[PDB]
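Taking it in order: structure first as structure tokens, then the write-up.
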Amino acid sequence: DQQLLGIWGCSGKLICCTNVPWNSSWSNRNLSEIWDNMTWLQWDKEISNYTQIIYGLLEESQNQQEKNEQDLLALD
Amino acid sequence: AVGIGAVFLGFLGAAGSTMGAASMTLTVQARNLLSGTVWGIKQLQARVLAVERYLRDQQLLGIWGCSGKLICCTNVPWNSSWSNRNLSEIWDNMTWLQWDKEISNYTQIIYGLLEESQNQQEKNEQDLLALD
Amino acid sequence: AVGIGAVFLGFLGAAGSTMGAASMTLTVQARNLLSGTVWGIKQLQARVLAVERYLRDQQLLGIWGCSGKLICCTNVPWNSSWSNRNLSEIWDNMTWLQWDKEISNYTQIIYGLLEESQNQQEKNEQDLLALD
Amino acid sequence: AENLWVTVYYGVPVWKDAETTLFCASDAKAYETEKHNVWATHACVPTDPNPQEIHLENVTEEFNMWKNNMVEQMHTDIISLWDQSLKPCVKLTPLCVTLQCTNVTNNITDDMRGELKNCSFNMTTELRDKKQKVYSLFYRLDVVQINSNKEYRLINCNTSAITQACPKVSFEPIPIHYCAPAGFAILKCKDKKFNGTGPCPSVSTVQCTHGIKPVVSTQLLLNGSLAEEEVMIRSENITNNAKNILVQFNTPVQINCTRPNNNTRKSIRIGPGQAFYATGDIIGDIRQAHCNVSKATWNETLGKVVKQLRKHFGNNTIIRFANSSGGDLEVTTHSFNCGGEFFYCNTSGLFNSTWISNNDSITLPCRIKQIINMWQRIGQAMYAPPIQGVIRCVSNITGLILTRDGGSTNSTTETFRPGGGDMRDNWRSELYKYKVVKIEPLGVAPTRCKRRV
Amino acid sequence: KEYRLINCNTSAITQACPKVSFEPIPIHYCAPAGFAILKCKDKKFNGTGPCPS
Amino acid sequence: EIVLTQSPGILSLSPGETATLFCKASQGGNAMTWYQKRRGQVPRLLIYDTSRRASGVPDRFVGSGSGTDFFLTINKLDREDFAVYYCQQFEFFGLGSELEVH
Amino acid sequence: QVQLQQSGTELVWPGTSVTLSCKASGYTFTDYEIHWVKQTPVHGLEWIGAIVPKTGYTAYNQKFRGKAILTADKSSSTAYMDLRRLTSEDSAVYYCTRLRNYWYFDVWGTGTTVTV
Amino acid sequence: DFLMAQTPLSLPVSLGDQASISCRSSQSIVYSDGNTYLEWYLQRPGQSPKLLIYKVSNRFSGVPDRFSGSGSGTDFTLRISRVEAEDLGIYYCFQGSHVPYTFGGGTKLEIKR
Amino acid sequence: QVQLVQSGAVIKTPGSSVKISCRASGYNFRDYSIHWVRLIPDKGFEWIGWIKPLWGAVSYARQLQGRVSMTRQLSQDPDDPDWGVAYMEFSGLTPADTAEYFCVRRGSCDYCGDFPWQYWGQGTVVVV
Ligand SMILES: *[C@@H]1O[C@H](CO)[C@@H](O[C@@H]2O[C@H](CO)[C@@H](O[C@@H]3O[C@H](CO[C@H]4O[C@H](CO)[C@@H](O)[C@H](O)[C@@H]4O)[C@@H](O)[C@H](O[C@H]4O[C@H](CO)[C@@H](O)[C@H](O)[C@@H]4O[C@H]4O[C@H](CO)[C@@H](O)[C@H](O)[C@@H]4O)[C@@H]3O)[C@H](O)[C@H]2NC(C)=O)[C@H](O)[C@H]1NC(C)=O
Ligand SMILES: *[C@@H]1O[C@H](CO)[C@@H](O[C@@H]2O[C@H](CO)[C@@H](O[C@@H]3O[C@H](CO[C@H]4O[C@H](CO)[C@@H](O)[C@H](O)[C@@H]4O)[C@@H](O)[C@H](O[C@H]4O[C@H](CO)[C@@H](O)[C@H](O)[C@@H]4O)[C@@H]3O)[C@H](O)[C@H]2NC(C)=O)[C@H](O)[C@H]1NC(C)=O
Ligand SMILES: *[C@@H]1O[C@H](CO)[C@@H](O[C@@H]2O[C@H](CO)[C@@H](O[C@@H]3O[C@H](CO)[C@@H](O)[C@H](O[C@H]4O[C@H](CO)[C@@H](O)[C@H](O)[C@@H]4O)[C@@H]3O)[C@H](O)[C@H]2NC(C)=O)[C@H](O)[C@H]1NC(C)=O
Ligand SMILES: *[C@@H]1O[C@H](CO)[C@@H](O[C@@H]2O[C@H](CO)[C@@H](O[C@@H]3O[C@H](CO)[C@@H](O)[C@H](O[C@H]4O[C@H](CO)[C@@H](O)[C@H](O)[C@@H]4O)[C@@H]3O)[C@H](O)[C@H]2NC(C)=O)[C@H](O)[C@H]1NC(C)=O
Ligand SMILES: *[C@@H]1O[C@H](CO)[C@@H](O[C@@H]2O[C@H](CO)[C@@H](O[C@@H]3O[C@H](CO)[C@@H](O)[C@H](O)[C@@H]3O)[C@H](O)[C@H]2NC(C)=O)[C@H](O)[C@H]1NC(C)=O
Ligand SMILES: *[C@@H]1O[C@H](CO)[C@@H](O[C@@H]2O[C@H](CO)[C@@H](O[C@@H]3O[C@H](CO)[C@@H](O)[C@H](O)[C@@H]3O)[C@H](O)[C@H]2NC(C)=O)[C@H](O)[C@H]1NC(C)=O
Ligand SMILES: *[C@@H]1O[C@H](CO)[C@@H](O[C@@H]2O[C@H](CO)[C@@H](O[C@@H]3O[C@H](CO)[C@@H](O)[C@H](O)[C@@H]3O)[C@H](O)[C@H]2NC(C)=O)[C@H](O)[C@H]1NC(C)=O
Ligand SMILES: *[C@@H]1O[C@H](CO)[C@@H](O[C@@H]2O[C@H](CO)[C@@H](O)[C@H](O)[C@H]2NC(C)=O)[C@H](O)[C@H]1NC(C)=O
Ligand SMILES: *[C@@H]1O[C@H](CO)[C@@H](O[C@@H]2O[C@H](CO)[C@@H](O)[C@H](O)[C@H]2NC(C)=O)[C@H](O)[C@H]1NC(C)=O
Ligand SMILES: *[C@@H]1O[C@H](CO)[C@@H](O[C@@H]2O[C@H](CO)[C@@H](O)[C@H](O)[C@H]2NC(C)=O)[C@H](O)[C@H]1NC(C)=O
Ligand SMILES: *[C@@H]1O[C@H](CO)[C@@H](O[C@@H]2O[C@H](CO)[C@@H](O)[C@H](O)[C@H]2NC(C)=O)[C@H](O)[C@H]1NC(C)=O
Ligand SMILES: *[C@@H]1O[C@H](CO)[C@@H](O)[C@H](O)[C@H]1NC(C)=O
Ligand SMILES: *[C@@H]1O[C@H](CO)[C@@H](O)[C@H](O)[C@H]1NC(C)=O
Ligand SMILES: *[C@@H]1O[C@H](CO)[C@@H](O)[C@H](O)[C@H]1NC(C)=O
Ligand SMILES: *[C@@H]1O[C@H](CO)[C@@H](O)[C@H](O)[C@H]1NC(C)=O
Ligand SMILES: *[C@@H]1O[C@H](CO)[C@@H](O)[C@H](O)[C@H]1NC(C)=O
């Protein structure tokens, strides 16, 4: 699990962000209802099919971020 | 003929110096912390106890604000009731052993304070990047 | 019928390519590094030797400036006496194996240089946040 | 720009040569065979299907089967599991006793010899105070004469202990897939022609080795993997003679082997809750075990190997064969196991030919021993239980193990003799395509970018 | 009249050491780190299905 | 087969000097082994694998050579160094070179 | 429309060098992996090699090792197979074909006979 | 390396009858995604190879449901419900799972009288 | 240490057969080869043959086949796993067979081959 976070953008932050938007086809739930209505168990059983897509998307997005940051510090 | 600076830079060499000059080495201590028919059982539980300790300390830093920096800061001020020592004297007068035996009662308060302070920092940073 | 890009992106697939194009994959190598009555002893010491290796490499990055970035920079310039190769040729001409056999003598100098440089960076950052 | 900055790279695809342990994995249909009658299922983890084996390009790697490891620890592990398959089994320490033996009921030839002896002896019972009189049959090759009358004994009983194999466990091979732990990789030379030393351009990595069935054959390695198109010969140094020559020939050649005798076993209770199996009666014709191969196939395959040899020994060269010179009984033959019972079977009907620079079969007779000391241990022996019925088996002969003679003093004939000796020749005929390498990540290289503050 | 033990035709036999006792002691089972153990605190629970408490 | 030929035959020198024994093989490509035999004594290996010395061998014995031409050079001849010397490849033998006290 | 516009039929000498072209037609060039199929009457079909259009990453069969060299033009969207030091076994029909990853060959070009 | 023995290598059969080709690999040619990437081709004499069967159960988009495939592990079976004059050419079992890719021998479809 | 005790000199008639033992001690006898080699004066050395005692797998020189015989005996006890006995029965004696014989063992390094014979016996001279 530490390696899965390490290949992602955050190592010890324990609360992260990224640069891939949420596909509304995954959830189509209201933003207000998800934080004040559901538990993590039923959230897991909802999003449990949409798995290993989001993982590879995080890998791809921050790989692209790594090459962009390398390019920006290479031009400087 | 070997030089005295090498055994100053040796493992646990700076245990007798002041803490301000002992700050100039930590990596040797950190590196020697890690790895360097019936008996292999005892060997093996010793090795996994060592790495269990290492992961516990890495996790205690990971829940804190600094992961690999090895020299950190935070956002909780020092309570003068803990120490009431001069700022000049602590870095050039005392060793780490007597510093540990001084502050050894004031333990698990500061730990929870670091946890609380950077939890609040996490929610503040989430709020600042949420409004943006 | 399977595609050639998949086995390009397979484990150790880019060992023959140039290093500039082999830069486009490291995560598969890193992931396959980690985990994926008498005999379980041998099993068990193999597993803990693997994680001992992994912790050694994570610690060598941790004492360096980068922990999870997997692509780093630093503040020590490249000595041209080490390589004296053109900048264009190294990324589009050589493989990592022959690069390793070229630079394999110049080892443990660069390690200590990284340690020294970012130790100096740590004390400079401490000084800058101390004056503020 | 011109201030080039060193940068690290973690997870560089790069390796070095190393030596480490392995990972023993088979298929789940070994676990379908239940109650641990299959050996290598206690420790042997179930495999996975579709194992990853992906190609690698523009790559030159030097291999060696002779300074290769993983045959060493495999030779360790097989004898280790062999001894793990005996500690549940039963000792025969009460059995070494005076044996009243005599000839088996047969029309006896005064000049030839029968190979079965009727031995009656005292034995313990369930109870201590009761002694009993029991008989069985034995081959000539396991009793010797002690000293009028006639009294024999087992040959091991002056010098070693002895253990019966449990009749639950079998001795057929199952394919062992060796695998490497995380942090290592296994390479494979995919070249067609590879004498066994030096570079191989066509390589590919793998996670687990292919199917390896463990055989035991002192000559004439059986059921092995065979070559692609040519017949290949491999060695370490062909001009050295005492080093062996491995011959992997292309097309498999069938062998039939049988013991035609109908065989009854008999249980004997040694003591409380003990057991012992022994050859009871033999129903039918007292016959002799043997093996057969096809004549013209053997001729054609020998023609192929003589075609392949003459590259190494001069093109105008006479090559002939001889039977093996001598030594132990189980190196004068090839020695195999069939249905859980061993055979030491004479091979002089094969290596007796010559070759010039220009429906029938071959039958060959066998012998059957019960007690063995395989790998030549110091006080360790092994009894083999008698099995029922009439046993035959069919195997694909795959390779040969040869030795050039020490021919000095103006000879053009360079005759060969088959001699195996070490089992590690048989093993090195299987893992010759592989080697183990250690991953070392965190390479380093200059580039043109400086870290900001 | 001559008797024998019943096991002695078919099995071996071991005396228990008179040091060791056969009284029970309470065994607390526990889970390693990474697992948890749950407990249904309901009054009525026939043994299958949901438990709210 | 492999035929060995030793060129110096009988080499007579004074002690303390250097000397060079030479051997020549029919087939090139393999290694060369050197043996010393003194008078009425058990022989002794000097050089194996054409450059490696045996146990108890002082490094005033230097073996070299390539192809078919192979060198056995001795620096600072001790009197005990004056003996008979053989070259062998696998089972074959040179006929022996005699180092003699001039 | 969607067609592998191949090169012309080549009638060459032994030992010479030649270049076979394959223009992608009617689709996106820079994503669909290009393969080459040898067709002799004696062996039938053989796999020559493969090239990635976007990165130029090539991999060759062991038979063709040094025999064929793959280049590609992202501008003219055209794969190129350089065939050097030709022998009579090169007298064959070379097929340009395309796939995407984990899928099949859908489009099959003309098939260019090169006779040595 | 992962070679394909294609039986038969030529199929003379009348019109309307079924067709069955057993192509057997050396061993498991299954890729790590579970799919046994075997493909079946049809090269007419004088035309390009049109794909019959990819992903053995599946069919080519446009090639009819007369065609089908089965087989696993080693033993593989192309099946055709009825053989036509449009079906003529050469059939191919093809290991499409690893580089280097291997073709089978091909099966020249013709008409037996 | 490695000790290679032969037996002493002996005189035999022509056409006879001689038997030479060689007792090796100080190492694991089941692991290394044993070579026989000879010395005729004014003939140089001549190689005889070799034996692996693990099975007694022998190989003889060509121009002496049918004449020489090599056997061995291991030490089978759990107390002395070191000493072993090689033999050589040389048959068909001629007066040209008057020679000194040696039983030798190779060196034990990693780059040691087989013919660089490190350890040597004291020599057994037979006159016919
Ligand atoms: C080179 O490679 C070949 C290919 O594998 C190999 O040949 C095989 O050898 C093995 C062992 O010699 C053979 O296995 C035996 O086969 C017989 C026949 O039954 C099988 O075949 C029929 C028809 O093919 C099937 O219908 C049937 O289901 C079997 O598959 C079996 O009778 C044997 O089983 C007995 O022995 C086992 C050993 O443990 C027991 O587990 C088993 O339960 C049986 O023993 C029981 O019954 C006995 C009779 O009452 C009794 O005496 C026992 O004590 C016990 O109670 C066994 O499966 C296999 O068939 C061969 N393959 C082929 C195609 O024939 C070569 O051996 C190999 N070369 C070398 C040198 O090893
Ligand atoms: C591996 O397999 C091979 C062949 O399959 C075996 O080779 C043969 O082995 C036998 C003995 O091991 C060789 O010797 C023969 O023995 C026969 C039996 O001898 C008895 O009977 C005769 C009278 O018949 C008595 O005089 C004698 O004292 C014995 O009591 C002999 O009869 C044979 O003689 C025949 O050949 C000679 C020579 O041609 C003739 O002069 C005779 O008249 C007679 O026809 C012979 O002596 C036999 O020679 C071997 N065959 C070959 C081709 O050489 C191997 O023995 C076997 N390996 C092992 C370890 O057993
Ligand atoms: C039977 O044939 C095999 C294969 O030819 C042969 O094995 C090789 O022997 C050499 C002995 O020189 C081994 O040593 C290596 O040799 C190479 C090439 O010479 C070099 O890389 C090394 O030696 C060099 O370096 C030394 C130190 O400076 C120099 O003194 C020396 O002259 C060389 O320049 C290295 O040591 C080699 O490892 C083996 N290879 C294998 C696969 O076994 C074997 O020796 C032959 N048998 C006999 C009995 O000679
Ligand atoms: C191995 O040797 C043992 C030695 O004990 C041998 O066991 C004995 O064999 C003999 C002959 O086979 C047995 O004698 C027979 O016993 C049966 C049972 O009681 C009788 O029915 C037999 O009588 C027949 O033959 C008589 C001969 O005159 C006739 O008169 C009569 O009408 C019957 O036809 C015969 O007496 C003896 O009992 C056994 N003993 C034991 C304990 O088994 C064994 O046979 C040998 N086995 C082999 C494979 O060589
Ligand atoms: C099995 O065990 C029995 C019991 O020990 C053995 O029988 C005994 O054998 C000895 C010698 O063979 C007998 O001694 C001799 O007896 C004869 C007959 O009385 C006598 O003439 C001699 O002078 C000598 O005393 C002994 O009596 C005999 N005892 C019994 C009870 O049978 C037997 O030899 C063992 N083996 C077999 C194959 O049965
Ligand atoms: C087994 O086959 C391998 C090749 O698959 C052989 O390796 C190489 O063989 C060649 C010629 O057979 C050797 O080339 C020679 O090199 C020397 C010096 O470089 C040169 O002077 C000669 O003229 C010749 O070109 C090459 O050295 C050799 N490589 C190695 C590492 O030995 C191998 O020799 C074969 N095995 C045996 C025992 O011969
Ligand atoms: C290789 O071939 C040779 C020649 O065929 C075999 O040598 C032969 O071996 C047999 C078995 O010993 C000899 O038979 C004789 O048997 C009687 C039995 O009493 C014995 O008294 C004799 O002294 C001799 O042993 C036969 O004479 C012999 N032939 C020759 C020419 O030596 C040899 O056995 C074969 N190798 C193998 C492994 O079988
Ligand atoms: C070996 O001999 C035994 C003798 O019992 C044979 O077993 C008998 O076979 C017949 C016919 O198959 C049956 O009617 C009997 O019931 C069997 N008896 C027993 C005790 O099983 C056996 O078939 C013979 N084997 C061979 C290969 O001939
Ligand atoms: C090895 O082969 C030779 C010849 O192929 C066999 O020689 C036979 O010798 C006997 C002498 O008793 C002759 O009667 C035969 O005619 C010879 N055979 C042939 C084909 O001419 C010799 O027997 C073979 N070795 C063994 C052990 O059988
Ligand atoms: C020994 O090897 C031969 C090699 O031809 C095997 O024969 C073929 O085996 C495959 C798979 O085992 C079958 O699909 C073929 O039909 C076999 N060919 C023939 C002509 O039967 C043989 O099975 C192997 N094993 C034995 C015990 O002979
Ligand atoms: C154990 O005893 C047996 C028989 O008493 C020995 O075997 C024979 O020993 C004689 C010499 O006494 C040899 O001539 C035979 O060749 C041996 N036969 C076999 C089959 O080995 C055996 O050597 C003894 N072992 C020990 C360690 O004492
Ligand atoms: C999850 O996906 C499966 C098939 O992928 C589907 O059958 C199931 O209904 C899905 N579950 C939810 C909660 O959408
Ligand atoms: C530490 O605390 C204990 C009680 O909490 C007290 O008795 C002791 O004196 C303290 N030590 C120091 C050095 O203040
Ligand atoms: C590496 O260094 C050693 C000595 O330090 C030298 O002998 C060798 O030639 C060097 N290798 C390269 C490739 O420069
Ligand atoms: C017993 O065996 C010997 C030697 O094998 C034999 O001479 C004798 O004929 C056999 N039979 C009898 C009844 O003694
Ligand atoms: C030996 O024969 C082969 C063909 O059988 C030939 O290619 C080779 O040149 C010959 N060698 C010599 C030295 O004549």
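Sequence lines, in order, name chains D, E, X, H, R, W, F, C and U. Numbering (the numbering used here) for the first sequence: -6 to 69. Numbering (the numbering used here) for the second sequence: 15 to 146. Numbering (the numbering used here) for the third sequence: 15 to 146. Numbering (the numbering used here) for the fourth sequence: 38 to 490. Numbering (the numbering used here) for the fifth sequence: 10 to 62. Numbering (the numbering used here) for the sixth sequence: 2 to 103. Numbering (the numbering used here) for the seventh sequence: 11 to 126. Numbering (the numbering used here) for the eighth sequence: 133 to 245. Numbering (the numbering used here) for the ninth sequence: 28 to 155. Positions of the beta carbon are idealized from the N, C-alpha and C atoms, including for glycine.
Provide the residue(s) that pair with residue i in DSSP beta bridges, ordered along the chain.
i: H:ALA315; result: H:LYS303
i: residue 80 of chain C; result: In this structure chain C extends from 133 to 245, so residue 80 of chain C is not present and cannot be described.
Should residue i go down as buried or exposed, given a rule of 16 or more other Cβ atoms within 10 Å for buried?
i: H:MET460; result: buried
i: E:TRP96; result: exposed
i: D:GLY49; result: exposed
i: W:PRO59; result: exposed
i: H:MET269; result: buried
How far does the beta strand (DSSP E) with residue i in it reach, from first residue to last?
i: H:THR369; result: No beta strand (DSSP E) contains H:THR369, which is instead part of the alpha helix (DSSP H) from 366 to 369.
i: H:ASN329; result: 327 to 331
i: C:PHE226; result: 221 to 227
i: H:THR161; result: 154 to 161
i: W:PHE62; result: 62 to 67
Using the beta-carbon of each residue, which ones in chain D are nearer than 9 Å to residue i?
i: X:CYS86; result: Residues of chain D passing the Cβ test: none, with the nearest at roughly 10 Å.
Residue i versus chain H: which residues are under 9 Å apart at the beta carbon?
i: residue 246 of chain C; result: Nothing can be reported for residue 246 of chain C, as the shown portion of chain C is limited to 133 through 245.
Along the alpha helix (DSSP H) that carries residue i, what are the first and last residues, could you check?
i: C:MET136; result: Per DSSP, C:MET136 belongs to no alpha helix (DSSP H); it is in the beta strand (DSSP E), 136 to 139.
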